[PDB]
Every structure is written in C-alpha cells, then in structure tokens.
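Below: one protein chain in two forms, given as structure tokens, structure 1 then structure 2.
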Structure 1
C-alpha cells in the first residue's frame, strides 16, 4: 500500500504540535469550528504567544478543508494569517497555527456593555472590517458567518490594534433577512448585512437584532428585524415575493405591527444622531433588499471615514488597552 522507508523517513521528519508548543490547559476558545489554545514555543527561540486551532472531529472535514485551502492563498493585513498546518497522524486531528490576537469584538463589546466604545476606535474597527472583507470579496471568497467573535483585534506587539478576520467554513442576529426567508445561496450582500449588524453593535454596545434562543425560517428573528427596521414596503424590496418563505411571511406577519418602527427611531434611543455620517453609512449597510445594499468598496469610500477622526492602523491609537487578556477555560 505504502513504502516502509517512505513512511519511516516522513515519521522521523514530521513536526508534531505537542513537541513544538506548550498548550495543555491553555484553551481560550471553544465552538463549532473547534478549540483555540494560547500556546508558547517549547524551544525558547520566541517568547511570542501563538494561537493553536484544533479542528472539530477526525480527519479533514469540509470546514477544515475550506479553511486550509483559502488561508493558504489569502494574504491581507486584515485576514488571519495561517503560519503552519500540523497533521497529527496518531489521533488524525488537524491543528492550525496563527499569531495570537489578544482581543476580539465579542470581548470588547462585552466589557463595554458590562460597564452599563470610543468613536475613533469604532470607525477604525469598521474600516479594517470593510478592508479585509473587500479583499475576500475581490478573490470571490465569502465569509458566510461574520459575527463579533470572528473579528479579532491584535494586542501589544508589532501589530497593535490590527483587526484580523478569522474562521472560514444557534444565533441568527447577524443573518441577513433573505437567508431567514429561504435564500439558498450565500452572496456578498449577506456578509455586508453582518458588517452593518456589527457596526450598530459597536456604536450602541447591544446586538441590534438580539433574539431569544433546522428550517431557514426563523419567525422570532424576522420579528426582531421588523421591530428595529420596520416591515419592508413593496417599493423597498420588490423581490420579497420571489423568496421561498414569502407565503409564510404573509401568513405569520402584518405590516401594521411595525408601523412606528424604523432604524432612525431605534438608533435615536441609543444616542446615534440620524443626521450623522455614521447613521447614513449604517442605513446603507442595513438595507433589507440585498441588491439595494451597499458594497464593501463603496462603503470604504463613504465620507464617514473622511470626517474627524480619520481611521487609524492601530484601532486603539497608541492609548492603553483597557480590555483584559483572555481567560484560560
């Protein structure tokens, strides 16, 4: 089946994750994607922190395949950089190595809403999210699941304040309304809606479409979108009739329920002026009709990023980072 001398040579020369890094009891993240560890090199050549992602399951899954395939080709300051791949022959587990990002938007937002976000940092975060996603979209790569927990922010070191978009492959707060209405395919606008969801959360500290916990139709999530946005008029989204769940939407909902609902009224309650450049960009990202939603390139050209202050390469802008380091699970 396989040459002995070939197998023996490869086994002697194969770098094993357990020999190179110390990560026992260093788990910092957990999910559907797999587990993440805050690891250090066993050989003292570097004192740098590294992230080790152990993928969910045995062998190479579809998510592991898609992540390895894309990350091997994608080179951008705002997309997470794959440093190495470890194929653990003993237990058939796949490990991915990256530089360690001390923060993410999930923890940054969590810290702020617990107190109850600097506006220069919000603008800088968004410009780096749009920059990273524009690169992915230019290479015909879609994120498919953008959420705060995926928008990593580098801590102290040579890349301080740099945003890194992670994960390539329960909560529908960031899922576009066309997905919730049965749109079969993933599109560029689905990623844009998610960025709009994140931008509203960075501006208010609350998930704009927060909803209480296998079909594509989620009544409660659509209801929360209409309580914030209002029910879409025929003129606003003409192809709503073409959605597989349109008859269900007509059966379960009534336009009247959300008559006094609009994004203006929602954002006003969270102290975000409807005449501000931030609001106008947010409304262009959070458009019900996907064909009427702005692109990443058009969003980056918005006069919001020209208004004082300008976005910075370091989102923190040299200021001391108030956010605590990630705790070991």
Structure 2
C-alpha cells in the first residue's frame, strides 16, 4: 500500500553494502554481536581499511535499536565511531560501518604473556589514560559500558590514528539495566547479587585491566566453573588476592542479597595473609609506586569507596615521568601481528 513512485525512487538511490564494499573471505570476528569483517571500498576513492559489522539476528531488535541510537550521538577520539548504517531491505539485515582497528589488548597481552613485557616505556600508562578518557566521556553522558575487558579495548594500527585506544562493544541493551536478566572482570557487588549496573562497576573492570597490563596475567583468573549471580570460585580468587573485607571496609555489604550465602560459605581467617600489596610484590610491582596506589583505588571492594574515572585521570601517576602519549606505541615499531581472517 505504499506509493509506487516513492518506493522505486528510494530503491534506485539506496546504497547497498555489497556494491560499496569488498569483504568476502575477510571475516575477522564472529560472536553473539554477529559477524565482523575487514573491508575496503570497491570504488577506490578512499584507500583505508573499514570494519563492517553485520548485526546478529533480523530486523531492528532492542539491542540493534539502542546501539544505533547511541552510536549516532557519541563522538570522542577514544570511543569507536559509527560511520554508516546500511539497512538491507531484502533479508532485513542491519550492517554498521566503523573505522578499522588492527589491534586490541587481548592479543597484545597474549603476545607478551607468550614471550619470556610492555616494551615501550609508558605504553601501560598511556593505554590506561585513554581507557579512562573514553569511559569518562561515556559516564558523563550517562552511558555505561557494562562488559569491559581486554578483548573490547581496541588499538589503532598504522595510519593517522596510530596507537590510539578505541573502546568498543558497549553493552547498549540490558533489560531494566539489570545483570540478573568469564567472570574475571566482574566487580564483587555483581557476584553478591547487585540488581543494577553502575559507573563503579565499569571502574573495577578498568582496575583489573590495569593489573593485567602491569603483570601480563589476569589478576582474578579463575577456572570456568548459571541463572545465578553468585560464583563461589570467582569470589574465592578475589579474596586470595585482595583479602577478606572488614566490616569497616564495606559497611553496606550486609544489604547485598547474597551476604548470608557469603557468610555461610566463607571464613575470614582463611585469607588472613592475603592482600593486594603481597600479590603485586610477587609480580615485581612496588607497593610504594604511584601505579600501585592508583590501582588500589580502582580495585576498592566497596563500590561507593571506589574512585571515579575523572578522579583517576587527575591522579599524580599521570604527572610522573614518563607522561602519557597519544600514540601508545610512542613512535616505536609495532611487533604485534595483523588480524588473521577466518
């Protein structure tokens, strides 16, 4: 029942993804998010790599709608930028065009961990600062990430944006802002049954990433042990690193839904010789350093006592030599390999 002239005119004019971009055999990613490809323009006006994401599913879901809605507004150098949306009418598929990041923290950290660490001086500091800058921009606009981890912290390769952090894969859709509807980067309050995502939950994750950048190992590493938030072995690992929190350290722990399950399962005497100081010393990081004192503020167990992203960016750590750089690689050669196609 639509107007015919209107319908054919729009069909004539509508830019189709397959016509504009060459991407067959160039799949660099596959998950719940959907399909991600490395892509070049067929009509050779531009000469640079693009990330094409076909969203998983059909039509416009809540998740697709939210993601489009917010990425259309968000603009910041340390957050990944939506360039174009292609709506394929025949198969009802949504495609999203982004600039292409060759690297990410998961692969960078694995490359060092494979070696027998963070070879440019001040790469760790520069990464942390840009992560903090991107999250601060989101948080200022009341956008939570809600699933921060090394895999979705991208880093740009050779090109005009060399060694710039690009935060990606924001959890744009969660029903009622609720986690109840790996666990290595999940804040203790989420494990004890917190009903909502918060800014503080994103900050704990940055703290875990910061510990992993310094040491090359996930601070709260744990075996893959569920329709419930409570995860015993993940909590056990947090206490083995951090120690068990005193009443005075986290007064509102009693208000958490799984507190009576915590008391039932755990005895504090177990972790009496455990602390972040002792853990980081074993991995050759000095407790007197400004890096450590900032890490300890990021990894505070009580969410209300956890430092914000703004306050973290103001830390004297970033005023100490060496200073953060725009290019995290600091003009040095990039040893990390390119993305292999699937």
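Here the rigid core means the biggest group of C-alpha atoms that line up within 1.5 Å when the two forms are laid on top of each other. Numbering follows the first chain given and starts at 1.
Measuring CA movement between structures 1 and 2 with the rigid core aligned, the set 61, 295, 301, 262 has one residue at 2 Å or more: 61. For residue 7, the Cα deviation between structures 1 and 2 after core superposition amounts to 2.4 Å. Here the two forms are laid over each other by their core, and the C-alpha of residue 19 is off by 1.2 Å between structures 1 and 2.
Once the core of the two forms is superposed, the Cα of residue 142 has moved 0.4 Å between structures 1 and 2.
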